């Protein structure tokens, strides 16, 4: 009944993939208790850094990537949810269920990737475990893993970036193409699709 209708919490930044040095590594910036409280209030006072955030809801954890001043992720992770910020919940700037794409204004302190114009097919996928996985581009929205691995290793990495050799953003990881549990290929949202949305 109406008086008891609940509101879904905000997406919460709980960590980041550190790409600022010679070694990629995951950092946690918020534990589970703080994540749950921050999801309910939508108020996150933590200082944000970097290009790839680790984000969570009460039910899911995945990634988000800043490109040209927008923090992007997948709709199948975030739905229509707000994201927590120092000033309270921030409403999505972009929502496109047909692309499996959402975006919010990039958090103050984040760094943005630049959309790739190289037209290169030698790509690199960054996972929530800070693995940098070579991927050969095979179409507008598909790439093959040079070294297949179980889907367990890719779970939770939707929203992460595919990068060109020069470190530009080429796309957003969306889904794993699996054969008997082994990911041989990935589906991604091309950065051009993000650029049209903007």
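Numbering follows the first chain given and starts at 1.
The stretch 146 to 154 shows the higher mean C-alpha B-factor when 168 to 176 is compared against 146 to 154 in the entry. Between 3 to 11 and 189 to 197, the higher mean Cα B-factor belongs to 3 to 11. Out of 89, 107, 79, 103, the entry records its largest CA B-factor for 107.
Across the residues 114, 96, 73, 120, the deposited record lists the maximum Cα B factor for 120. In the deposited entry, the Cα temperature factor of residue 137 sits in the bottom third of values across the chain's modelled residues. Among all modelled residues in its chain, residue 34 ranks in the highest third by Cα B-factor. Remark: residue 27 belongs to the middle third of its chain, ranked by C-alpha B-factor as recorded.
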